[PDB]
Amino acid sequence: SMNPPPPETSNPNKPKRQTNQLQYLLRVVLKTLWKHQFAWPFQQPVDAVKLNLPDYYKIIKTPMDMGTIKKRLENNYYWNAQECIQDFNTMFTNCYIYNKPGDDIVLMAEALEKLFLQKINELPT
């Protein structure tokens, strides 16, 4: 059991643009979640070898983490704000698929998801 390569943070065969929404997702949404006290388990891909979680990448076939989302925003990987919001949703959903109710990681995901929703609420037009 080993780790997959992390998600792509670059697509050479994809146009790029700067929008108010993408800038807000990096500078306000991601930055706010990144600095939250419960951010640390979500700042990098799950390392199944280091943490000894051999069934993680048997159960989770669409991994996502805030380190990947950060790099995607910084590299102008996303064309649509929807793509970035979908990646956050995937990250939270994976946590609820793999882990059990009352697990520390699940209550941490709940706290971050609540904050995420409050910040996306004020996403500009």
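Counting begins at 1, following the sequence as shown. In this text, the rigid core denotes the largest set of C-alpha atoms whose superposition between the two forms falls within 1.5 Å.
Line up the rigid core: which moves more in 8 other deposited structures of this protein, 102 to 110 or 12 to 20, by C-alpha RMS?
With the rigid core fitted, 12 to 20 is the stretch that strays more in 8 other deposited structures of this protein.
Can you tell me whether 61 to 69 has a higher mean C-alpha B factor than 46 to 54 in this record, or the other way round?
Mean B over CA atoms: larger for 46 to 54.
Between 95 to 103 and 70 to 78, name whichever shows the higher mean Cα B factor according to the PDB entry.
It is 95 to 103 that shows the higher mean C-alpha B-factor.
Among all modelled residues of this chain, ranked by Cα B factor, put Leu115 in the bottom, middle or top third, i.e. lowest, middle or highest.
As the PDB entry reports it, the C-alpha B-factor of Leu115 lands in the middle third of its chain.
Taking the C-alpha B-factors as the PDB entry records them, is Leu25 in the lowest, middle or highest third of its chain?
Its C-alpha B-factor, which the entry lists for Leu25, ranks in the lowest third among residues of this chain.
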